[PDB]
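Both backbone and side-chain heavy atoms feed into the values below; hydrogens, waters and symmetry mates do not. First listed ligand is number 1; within each ligand, the first listed atom is number 1. Chain letters run A, B, ... following the sequence lines, proteins first and then strands; every chain starts at 1.
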Protein chains: 4
Amino acid sequence: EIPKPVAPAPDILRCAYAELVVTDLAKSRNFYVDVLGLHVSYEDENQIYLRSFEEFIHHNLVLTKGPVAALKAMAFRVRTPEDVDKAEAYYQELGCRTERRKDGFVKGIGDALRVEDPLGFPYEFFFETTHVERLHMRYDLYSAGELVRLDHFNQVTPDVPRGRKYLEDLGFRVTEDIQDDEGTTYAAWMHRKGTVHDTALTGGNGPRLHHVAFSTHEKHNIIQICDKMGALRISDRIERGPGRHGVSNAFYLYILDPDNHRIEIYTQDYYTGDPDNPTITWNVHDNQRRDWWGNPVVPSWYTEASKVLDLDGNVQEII
Amino acid sequence: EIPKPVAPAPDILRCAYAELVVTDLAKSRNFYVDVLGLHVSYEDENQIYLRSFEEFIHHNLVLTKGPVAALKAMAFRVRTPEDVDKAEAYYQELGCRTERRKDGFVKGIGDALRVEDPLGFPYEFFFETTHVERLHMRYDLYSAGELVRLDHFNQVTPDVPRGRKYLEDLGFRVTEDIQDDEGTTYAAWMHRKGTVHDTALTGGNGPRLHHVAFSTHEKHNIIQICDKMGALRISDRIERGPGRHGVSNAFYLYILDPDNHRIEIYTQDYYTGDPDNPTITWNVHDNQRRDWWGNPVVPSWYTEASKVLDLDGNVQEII
Amino acid sequence: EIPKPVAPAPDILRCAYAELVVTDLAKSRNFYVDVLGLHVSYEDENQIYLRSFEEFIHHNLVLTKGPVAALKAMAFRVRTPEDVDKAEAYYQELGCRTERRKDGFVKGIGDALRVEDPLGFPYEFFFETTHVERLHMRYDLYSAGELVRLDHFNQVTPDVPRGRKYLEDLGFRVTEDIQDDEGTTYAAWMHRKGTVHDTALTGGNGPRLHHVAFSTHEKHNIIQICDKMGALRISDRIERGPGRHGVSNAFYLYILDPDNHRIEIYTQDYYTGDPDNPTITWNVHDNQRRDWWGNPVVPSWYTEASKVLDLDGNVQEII
Amino acid sequence: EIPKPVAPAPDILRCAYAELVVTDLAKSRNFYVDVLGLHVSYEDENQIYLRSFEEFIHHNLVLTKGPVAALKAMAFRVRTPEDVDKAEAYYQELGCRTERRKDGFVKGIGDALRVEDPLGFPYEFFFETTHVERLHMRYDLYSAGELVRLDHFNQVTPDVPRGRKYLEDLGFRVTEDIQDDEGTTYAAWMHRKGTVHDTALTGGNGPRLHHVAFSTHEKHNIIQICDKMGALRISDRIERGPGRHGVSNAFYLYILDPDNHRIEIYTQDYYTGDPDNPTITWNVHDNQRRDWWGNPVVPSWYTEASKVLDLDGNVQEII
Ligand SMILES: O=C(O)Cc1ccc(O)c(O)c1
Ligand SMILES: O=C(O)Cc1ccc(O)c(O)c1
Ligand SMILES: O=C(O)Cc1ccc(O)c(O)c1
Ligand SMILES: O=C(O)Cc1ccc(O)c(O)c1
Ligand SMILES: [Fe+3]
Ligand SMILES: [Fe+3]
Ligand SMILES: [Fe+3]
Ligand SMILES: [Fe+3]
């Protein structure tokens, strides 16, 4: 069991960006820029910084050339600069390794803290970031499958209850969960920003990053991504969907990048900001909890997930 | 090989309606009316006459109570009254069994000819029909998953090449087909009205009705049908889809009625009205020919199909 | 200038419901339930309590039969039961008349505070409310023009800069505003929940309620409301739109109910939850600020708005 | 009154393309290609040949550089090469100037006949045309406001009844019209291809071209065109709409190109292919006949329209 610190939890606003290590920067760029249409905030020969259509912070996704494909950091923006200090004290009290860089770990981000959390994931907490042009009204750049915001991460861990209690201490609230008859949690969705989730815990060998998710405005935008991928003859990279999720009620699509990092395109969440928001508990045997339409969920979806790195860049041991 | 008659072929306009036999009229009404939203032109304790949102003839679907679930007739409307005379002459020269009725076989239809065509299917040709209120601007009745037109039929036959030649002599033009390296047709789509098809031949044990298809205005209308079915907990009746077809380029969904008759909901076809319309031939090994996004094709979709009746009301023998 | 109280402001979550007085309950029920499709949580011969599709609190709109059509209260839910006491102390320090009912002023709301705020508006603050069945996955009830959430109110007041400061002291953050060359604010949008706004101030004779807005999932849903009204032959009740707003970037529509209360249907907002969300200031002479497509602005839109009631039930005098 | 020829009328398939004369080829290219996204089949310094997404014939629109903007030709494709001959005999019997070119008047078109029809319009009839790659499944190219088909032309002429008769003898069928109490036609919509119209007559000083129309798959694509124009700051070129037409029931938008030629973007028509398709007659006083939502019809819409050229290249005198 992970103890609850005496130190006050940092006030987390929302998931902000993920930093993924990719093996071939040009193939990855072709997938994220030419196929998916994300907007390049900055790039050089080692890294590409991308942002979604409505974002005003520097980026939502950093692709870093690296020898082994993996999740290098999942970042959450905190409410004030002092929350970075709170995060540092908080994770130190939990006995976790932390690394603080006043100048940031990646471009566009200022004072930041990366930690190897209790579940083995590399989390970053930061407030400062360079504001860039919000492209929300740049309809001259709007693509038929435009990704408008980064919505959430989904982590794979062996002990979901244990991770659940840890994130609830951190301030995340469960919006929906999957439980057995005994009341044991099998998976949980938790938020800070007011949508169904900023992150989620799914049971399995971990630590591993299951996917990063972006949303679109409407359902036809998701359908265009599938049509485009079939026209580019890469439909084999469509893993699951499109479909309607039971948990979260979102219309979804799961596709795979060149390094097999899973990306989810999502839309039509509901508001969960009130403090007594009614948690929705689905039974582990309910066939409509994952796919509302009852579609069989691909085997690989449960088995394949991305490796994550510790703070020295080594791959975390999978349990 | 079916021979080409000397008598001129009747001018076929488009598929017009199908008469299906169902076993429990109340269960069927609940499906076609309460779930799918088709509009009742007329009904009594033995039959229900249904039309789509934009239709102006009496109906596109007749549900007839009967002992065994089956297709009792697939009807095509012809251009002029005299065309019913032509179809009669034509099918007699092919030595087919034909039954004529100046007063029709079902309400709403006038002088009609039914026949057991060469492939064993019960085709009806008619011109006269009672006009009813075209509901195309009845937005107060417009449902979120509204079916707006009857689009086509799809027949299962053991010898597609044979079937194809016959339908081509009848005036249908092939828009798309699937062939092997030897130039052998495994499936063909053919039209009269200017969309990709009015009917189609898929290979297998026949004669059997593979499905009847209706269209919607937009893609989200099809997604709504799935969502609605998941909410009524009958998602086990969603057979295949939704998806984008390779052949026809349509967005589609296949669902099963209470008697397992298969209904397809389809949208966004292209214009095939020009005489030199480019035929599109797909290779039997192209994984994108059926489902453009590469989705696995459900087994039942290839093996299950509805039985058809002869003019005496008996189930045609399957070959 | 309204002074900033020493008392802490209440923690406001979001706009929650409005209570409108209507003159003919049957006519209003026809407009809100039959035309618009809102869901009845409760109703008797004197009031109708309605909620949107994804709502879980008791209602988003209360129709109260009364002599003069007017806004009786615009309500905001606060984070904790204690925030109601903070709101009471806060408004008293401001010198406003306040009325506290531990049992609510309408059904489904518990301990609440109503006040005649500094601008003449009847605001209510409450935390307790009866939870009802969240219909977010009831696709069997989903209509083609489904209103899914209550989003914001828009208030008419003579002095925007004066009201803007008071609302900012209350904790609302300005997301977009319209200003002239001298930097004077002509209209402002402000929020608590993370969308562009929970309320907004537009300059004009007041206090008056300009409109209440609900949102839909997608753009076609707003188009359907227009189509259905044309089919019901009440297209004259369509006042402005549909269009794309410049400020807020939302797709919108304004319609008038039987008593001329204006309802806005809106969709496609962006996230404003970060504390340094960049404010977008539009110039008073930019022609795309109101309607991005440059459509002409209907004159009634600027002059007509609803009267508001003081706590005794009399129409507030308009300045 | 125009007499009915003895010679048989040519079998017209559908409107196929328009040749417009533009004063600045670069500006026109910018509008038609960069803003609207039409596809270039061929271009040089004097002309640009464009086609819609689903077209297979060489082009749907030809932009021809010239001193005075005007419509040089509105072309209809015929069913067989012989129909071109019938066309020539037919118009010659009507006493109209004709000009035949076995090699076509523009690239990609074969044996064609241009004439100065009875109303002063430069019509063209042709069968042969170079086929080009049909882009209907090129989703890699699909834009958010993709124009998919050329649908119709709309002509301005002083005597509508006079022209209606001549077009009906030509084989066009009236699907909808506007009449007064005396039964006098003020406007008519007529087709060949099975949609609401291939051409239409609106009373006014003529001959003049009112607009050429392209369609989109869904309503949101039309909305994107407006949004994009807003972003490019050319919203002043949006003339009327978006809206829902009463006549035709189509969702529409009218925009102006660099030389004021009017383009209509439109979607969701209904099938008019049956010979006894009910004609819908709208009363001249029905306020929903043009705009179903009852929106004011811009004055310019009624007064401005493009000049037409005679076979010599001179502007036809306007009556
Ligand atoms: O479909 C499922 O497997 C469950 C589910 C719901 C919402 C999500 O975001 C997700 O990633 C997975
Ligand atoms: O997906 C497939 O299996 C092929 C296909 C294409 C279009 C149709 O209408 C149909 O019924 C089947
Ligand atoms: O179009 C306008 O006039 C400005 C505007 C923007 C957003 C809103 O919600 C609103 O009610 C008015
Ligand atoms: O809205 C109108 O003014 C009449 C109308 C109907 C259908 C059309 O295509 C058109 O161009 C004009
Ligand atoms: Fe997810
Ligand atoms: Fe089909
Ligand atoms: Fe508003
Ligand atoms: Fe038009």
Side-chain angles (χ1 to χ4, degrees), chain A residues 151-156 175-178 186-191 195-202 210-215 239-254 262-269 280 282 286-295 297-298 301-302, chain B residues 15 151-156 175-178 186-189 191 195-202 209-215 240-254 262-269 280 282 286-295 297-298 301-302:
Chain A
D151 180 69
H152 63 264
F153 304 131
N154 185 314
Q155 305 166 47
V156 183
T175 54
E176 296 192 44
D177 59 11
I178 295 195
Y186 287 59
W189 279 259
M190 51 261 289
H191 85 97
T195 61
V196 168
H197 60 315
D198 281 292
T199 191
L201 294 181
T202 77
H210 192 281
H211 57 274
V212 173
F214 289 90
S215 55
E239 199 196 17
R240 174 188 169 194
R244 165 78 70 187
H245 279 306
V247 172
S248 89
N249 193 38
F251 187 62
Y252 72 84
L253 175 66
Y254 291 99
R262 174 185 290 108
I263 298 303
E264 174 187 6
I265 295 78
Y266 180 98
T267 190
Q268 174 191 336
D269 227 18
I280 298 174
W282 301 74
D286 179 347
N287 282 312
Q288 283 188 172
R289 71 195 193 281
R290 314 218 71 135
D291 211 279
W292 184 242
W293 306 334
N295 291 318
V297 352
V298 205
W301 197 91
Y302 287 117
Chain B
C15 54
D151 184 67
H152 66 259
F153 306 122
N154 188 310
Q155 315 164 42
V156 183
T175 53
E176 295 203 34
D177 57 29
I178 294 168
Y186 295 75
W189 284 255
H191 91 86
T195 60
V196 174
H197 56 319
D198 275 295
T199 198
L201 302 176
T202 98
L209 177 64
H210 190 278
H211 62 267
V212 168
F214 287 85
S215 63
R240 173 180 174 214
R244 164 77 65 183
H245 280 311
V247 179
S248 87
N249 188 36
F251 187 67
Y252 73 84
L253 167 68
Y254 291 98
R262 171 185 295 106
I263 303 296
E264 179 191 19
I265 300 111
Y266 174 110
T267 196
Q268 280 148 39
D269 227 20
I280 298 173
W282 301 72
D286 190 332
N287 286 324
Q288 289 188 196
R289 63 185 197 293
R290 318 223 72 154
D291 183 275
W292 180 244
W293 308 327
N295 292 318
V297 189
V298 194
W301 196 85
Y302 286 117

Shortest non-hydrogen contact between [X] and [Y], atoms and distance:
X: B:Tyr252; Y: B:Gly241; value: CE1-CA, 3.9 Å
X: B:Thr175; Y: B:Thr195; value: CG2-O, 4.2 Å
X: B:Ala200; Y: B:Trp189; value: CB-CD1, 3.8 Å
X: A:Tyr266; Y: A:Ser248; value: OH-CB, 3.7 Å

N, O or S atoms of the protein lying under 2.8 Å from the Fe ion (ligand 6): B:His152 NE2, B:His211 NE2, B:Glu264 OE1
Please give the N or O to N or O pairs under 3.5 Å between ligand 2 and the protein, distances rounded to 0.1 Å.
from, atom 1, to, atom 2, distance (Å)
ligand 2, 1 (O), B:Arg240, NH1, 3.3
ligand 2, 1 (O), B:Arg240, NH2, 2.8
ligand 2, 1 (O), B:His245, ND1, 2.6
ligand 2, 1 (O), B:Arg290, O, 2.9
ligand 2, 3 (O), B:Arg240, NH1, 2.9
ligand 2, 3 (O), B:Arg240, NH2, 3.4
ligand 2, 3 (O), B:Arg290, NE, 2.8
ligand 2, 9 (O), B:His152, NE2, 3.2
ligand 2, 9 (O), B:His197, NE2, 3.2
ligand 2, 9 (O), B:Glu264, OE1, 3.4
ligand 2, 11 (O), B:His211, NE2, 2.9
ligand 2, 11 (O), B:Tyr254, OH, 2.9
ligand 2, 11 (O), B:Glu264, OE1, 3.4

Just do the side-chain hydrogen bond (donor to acceptor under 3.5 Å, both in side chains) check on A:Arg244 and A:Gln288 with the steps written out, would you? CA-CA 9 Å; A:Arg244 165 78 70 187; A:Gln288 283 188 172; over 6 Å; no
Are the side chains of B:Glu176 and B:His245 in touch, meaning some heavy atoms are under 4.5 Å apart? no
Do B:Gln155 and B:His211 get their side chains close enough for a donor-acceptor pair, meaning under 3.5 Å? no
Does B:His191 have its ring centroid less than 6.0 Å away from the ring centroid of B:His197? no
Identify which one of B:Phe153, B:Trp301, B:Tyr302 satisfies the ring-ring contact (aromatic ring centres under 6.0 Å, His included) criterion when paired with B:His210. B:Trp301
